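Residues per chain, in single letters:
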Amino acid sequence: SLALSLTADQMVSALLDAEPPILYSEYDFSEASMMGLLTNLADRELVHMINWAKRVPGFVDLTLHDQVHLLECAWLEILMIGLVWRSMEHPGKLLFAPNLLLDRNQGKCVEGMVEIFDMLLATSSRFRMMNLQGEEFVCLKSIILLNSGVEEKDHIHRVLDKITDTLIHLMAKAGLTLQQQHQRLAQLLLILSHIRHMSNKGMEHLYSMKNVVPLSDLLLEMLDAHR
Amino acid sequence: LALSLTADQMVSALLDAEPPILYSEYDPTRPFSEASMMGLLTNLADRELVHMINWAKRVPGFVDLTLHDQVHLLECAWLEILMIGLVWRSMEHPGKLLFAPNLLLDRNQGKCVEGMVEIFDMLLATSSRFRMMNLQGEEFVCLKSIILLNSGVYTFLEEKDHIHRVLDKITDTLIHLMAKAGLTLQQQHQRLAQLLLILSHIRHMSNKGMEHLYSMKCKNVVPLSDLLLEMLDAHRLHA
Amino acid sequence: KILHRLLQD
Amino acid sequence: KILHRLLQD
Ligand SMILES: O=S(=O)(Oc1ccccc1F)[C@@H]1C[C@@H]2O[C@H]1C(c1ccc(O)cc1)=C2c1ccc(O)cc1
Ligand SMILES: O=S(=O)(Oc1ccccc1F)[C@@H]1C[C@@H]2O[C@H]1C(c1ccc(O)cc1)=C2c1ccc(O)cc1
């Protein structure tokens, strides 16, 4: 209701204010220690993600069943796009946390993780070359939440169209021509296909490595959702 | 020389490059088993792959790439491409998937194979989604070409920029189709977004499908062709 | 499930 | 590489 009535700038500002904080890791090593830091970090990020999702316009209008479904489907995608976003200004490096900056060689510590790291780094470099803006990023992340699990179905689609309008608004405001607007919009959304791909592959390893390190109860239930 | 094409010429080239609808080797003299069902799908996919390869060569800009780059894109996107073709020809068949004119299956027949009904439901939902949006054939061939060029582009430079130029051209072509169809400017970027967001679901279905195709091979359900083996061995991996 | 009650706030 | 061969023929 209210989400459908928001203006383009109101959409942007609402998503900007809803942005979760950048958390630190416990970092002060091995494969157990590497996975331990990542999982501990991800688990704390999941808590903020849940409360962030509730602040995404139109999300609370959905049933608790659908809200659960959407987050179960998109949680790793959301974590990953957050990771590549803050890793933008650090070429060849992944900024999991301000005190946890890892290069691809440190991804060889865990079996099969270097392949995912490379895909994430390539995504980050792609964001860098496109000069992805913060206002665009928050639109992409909200799209991922609402799309990756989709009168309820039509409501989700109406909100999605609004975010599309918001993206186009940002590009028009940036001075881009009409042809440039469509092209950049297409470019951004096709990256979500790669983000989906990385999440599917990452998930495939996570419910394999799930027994290496202590996985939290919430994390396990999110993992179980993809099985 | 793909960047010199107009929108209409892009569409015409893509329409003319379309692969034929093949038939399955379905034998109605015997009942379905997990193996027999998987055998039909495997055999069909294998024959479609050969036509896909020749179709890919007719996609503007694809032959400009090195053989190693052409191999990578096809290895990454082959199942996505098969699936979007499946959901496209299943549009006018609610509740059913048209693998072939002589192979039209519903979700209950998908239960014949372990873990396939989940993918079948997704494929059905995607086909229904296309039907609801009234996807046009001109739009479909654009989407299928985008999948070929995009899905493996992030896992590659010089010709990396070439691909993105061709992809921008296909974007221009899609908008052109929607404008010619009389859609308002706002409706054009909304529909563009809607179609492209569906590609994420197609990636998803492919990943899930590939995952089970490992296990079917690893349980020796049906013999896979050497080509199909190598396509599967590109994904492949890795858990 | 945990996710359920975390959303229910 | 069979795919490689087919892309040439
Ligand atoms: O590299 S992987 O795909 O996992 C693996 C793949 C192959 C082998 C081993 C792996 F660990 C996964 C994506 C990203 O790095 C890991 C991770 C994570 C997430 C949850 C979890 O339980 C464990 C790890 C991430 C994260 C991304 C963003 C963050 O803010 C935080 C973490
Ligand atoms: O159902 S599945 O995802 O695979 C699974 C198989 C068993 C259990 C679970 C699975 F998920 C896969 C997608 C679609 O149906 C199967 C199939 C195929 C493809 C290749 C192959 O070797 C075998 C099957 C397809 C196809 C789609 C379009 C076509 O034109 C042809 C086939």
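Residues numbered from 1 in each chain as written, not as in the entry; some residues may be left out. Chains lettered and ligands numbered in written order. Heavy atoms only, no water. Residues with missing side-chain atoms left out of burial classes, pairs and counts.

What the entry reports as its method is X-ray crystallography, with 1.9330 Å given for the resolution.

Draft legend 1. Focus on the overall build of chain A. What chain A contains, in helices and strands, is 9 helices and 2 strands. At 18 Å, chain A has a C-alpha radius of gyration in line with the 17 Å of a compact globule built from 227 residues. Structurally, chain A occupies a C-alpha span of about 50 × 40 × 25 Å along its principal axes. (Helix = DSSP H or I, 4+ residues; strand = E, 2+ residues; numbered from the N terminus. Rg over C-alpha atoms; globule rule 2.2 N^0.38 Å.)

Draft legend 2. Main features of the overall build of chain B. Looking only at helices and strands, chain B has 9 helices and 2 strands in total. Listing every helix and strand of chain B by position from the N terminus yields α-α-α-β-β-α-α-α-α-α-α. On C-alpha atoms alone, chain B measures out to a radius of gyration of 18 Å, which is about the 18 Å that the 2.2 N^0.38 rule sets for 239 residues. With the C-alpha coordinates aligned to their principal axes, the bounding extent of chain B is approximately 50 × 40 × 30 Å.

Draft legend 3. Local environment of the packing of aromatic side chains. As enumerated under the stated definition, the model contains 5 aromatic pairs over all chains in all. The residue whose ring lies beneath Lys141(A) is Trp52(A), and the NZ or CZ to ring-centre distance is 5.0 Å. In this structure, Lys144(B) is placed above the aromatic ring of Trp55(B), and the distance from its NZ or CZ to the ring centre is 5.2 Å. (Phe/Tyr/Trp six-rings, centres within 6.5 Å; stacked < 30°, edge-to-face > 60°. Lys NZ or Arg CZ within 6 Å of the ring centre and 35° of its normal.)

Draft legend 4. Structural context of the nonpolar core. Among the nonpolar cores identified, the biggest contains 167 residues, and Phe59(A), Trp75(A) and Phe62(B) are the most heavily contacted of them. Aside from chain neighbours lying at most four places away, what touches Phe59(A) is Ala53(A), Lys54(A), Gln67(A), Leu70(A), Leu71(A), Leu145(A), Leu146(A) and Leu7(C). (Core = buried A, V, L, I, M, F, W, Y, C linked by side-chain atoms within 4.5 Å. Buried < 20%, exposed > 50% of the residue type's maximum accessible area, 1.4 Å probe, protein only. Contact = heavy atoms within 4.5 Å.)

Draft legend 5. Broad picture of the pattern of salt bridges. Residues and elements named next belong to chain B. Taken as a whole and judged by the stated rule, the model has 18 salt bridges over all chains. Between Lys144 and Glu18 there is a salt bridge, with the nearest N and O atoms lying 2.8 Å from each other. Placement of the pair is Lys144 in helix α6 (residues 137-150) and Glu18 in the loop between α1 (7-16) and α2 (34-57), with a sequence separation of 126 residues. Note on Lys144: relative accessible area 5%, which makes it buried. (Salt bridge = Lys/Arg side-chain N within 4 Å of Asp/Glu carboxyl O.)

Draft legend 6. Fine view of the UniProt feature "binding site: 17beta-estradiol" in chain B. All names here are of chain B. As recorded in UniProt, the sites labelled "binding site: 17beta-estradiol" are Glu48, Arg89 and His212. With respect to the element layout, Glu48 can be found in helix α2. Owing to a relative accessible area of 17%, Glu48 belongs among the buried residues under this scheme. What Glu48 contacts, discounting residues up to four positions off in sequence, is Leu22, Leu82 and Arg89. (UniProt positions renumbered as here; feature names shortened; annotations may be inferred.)

Draft legend 7. Structural view of the site of ligand 1. All names here are of chain A. Taken together, 21 residues form the shell around ligand 1, and within it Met35, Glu45, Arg86, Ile116 and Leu219 come nearest. Contact distances for ligand 1 include 2.3 Å between an oxygen atom and a side-chain N or O atom of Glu45. Residue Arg86 places a side-chain N or O atom 2.9 Å away from an oxygen atom belonging to ligand 1. Taken by itself ligand 1 offers 610 Å² of open surface, and the protein chains cover 100% of this. Elements supplying a minimum of two residues to the shell around ligand 1: α3 (31-53), α4 (64-86), α5 (113-129) and α8 (178-209). The element contributing the most residues to the shell around ligand 1 is α3, with 5 residues. Its residues placed into classes, the shell around ligand 1 shows 14 nonpolar, 4 polar and 3 charged. (Near = heavy atom within 4 Å. Polar contact = N/O pair within 3.5 Å; in protein donor to acceptor, adjacent residues only side chain to side chain. Areas by Shrake-Rupley, 256 points an atom, 1.4 Å probe, with all protein chains shown as cover. Nonpolar A, V, L, I, M, F, W, Y, C, P; charged D, E, K, R; others polar.)

Draft legend 8. A look at the UniProt feature "binding site: 17beta-estradiol" in chain A. All names here are of chain A. Mapped onto this numbering, the UniProt entry annotates "binding site: 17beta-estradiol" at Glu45, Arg86 and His205. Note on placement: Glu45 falls in helix α3. Ignoring any residue separated from it by four or fewer positions in sequence, one finds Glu45 in contact with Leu23, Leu79 and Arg86. Inspection of the secondary structure assignment puts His205 in helix α8.

Draft legend 9. Here's a closer look at the site of ligand 2. Residue and element names in this part refer to chain B. As a structural note, the neighbourhood of ligand 2 is formed by 21 residues, with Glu48, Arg89, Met116, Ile119 and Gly209 the closest of them. Here an oxygen atom of ligand 2 sits 2.5 Å away from a polar atom, N or O, in the side chain of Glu48. Side-chain polar atom of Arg89 to an oxygen atom of ligand 2: 3.0 Å apart, as the coordinates give it. When the free accessible area of ligand 2 is taken as 600 Å², the share hidden by the protein chains comes to 99%. Elements represented by at least two residues in the shell around ligand 2 include exactly α2, α3 (67-89), α5 (117-132) and α8 (185-218). Broken down by class, the residue content of the shell around ligand 2 amounts to 14 nonpolar, 4 polar and 3 charged.

Draft legend 10. Representation of the interface of chain B and chain A within the structure. On the side of chain A, 35 residues touch chain B, which itself brings 33 residues to the contact. Per element, the largest residue contribution to the side of chain B that touches chain A is 18 residues, and it comes from α8(B). Taken together, the residues that form the side of chain B that touches chain A break down as 12 nonpolar, 14 polar and 7 charged.

Draft legend 11. Broad picture of the environment of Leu105(B). Residue and element names in this part refer to chain B. Mapped onto the secondary structure, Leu105 falls in strand β2 (residues 103-105). We classify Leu105 as buried; its relative accessible area is 3%. The sequence separation of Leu105 and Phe120 amounts to 15 residues, and the corresponding C-alpha distance is 9.4 Å. Dropping the residues within four chain positions of it, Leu105 is found in contact with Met37, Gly95, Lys96, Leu97 and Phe99.

Draft legend 12. Seen up close, the interface of chain D and chain B. Listed per partner, the contact involves 7 residues of chain D and 13 residues of chain B. Where chain D abuts chain B, roughly 1000 Å² becomes buried across the two surfaces, and 76% of that area is made up of carbon and sulfur atoms. Broken down residue by residue, the surface that chain D buries against chain B is led by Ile2(D), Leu3(D) and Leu7(D), which jointly contribute 59%. Linking chain D with chain B are 1 salt bridge, by the criterion used here. (Buried area = accessible area lost by both parts, 1.4 Å probe.)

Draft legend 13. View of α3(B). All names here are of chain B. Here α3 contains 23 residues, and its C-alpha end-to-end distance of 30 Å stays within 8% of the 33 Å for a straight helix at 1.5 Å per residue. Roughly 55° is the biggest bend found in α3, and it falls at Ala77. Along α3, 19 of the 23 residues are buried, which leaves the element largely enclosed by surrounding structure. (Expected span 1.5 Å × (residues − 1). Bend = angle between axes of the 7 residues up to and from the residue.)

Draft legend 14. Spatial organisation of the side chain of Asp161(A). Examined against the element boundaries, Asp161(A) turns out to sit in helix α7 (residues 152-173). Those residues in contact with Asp161(A) that sit more than four places away from it in its chain are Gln190(B) and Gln194(B).

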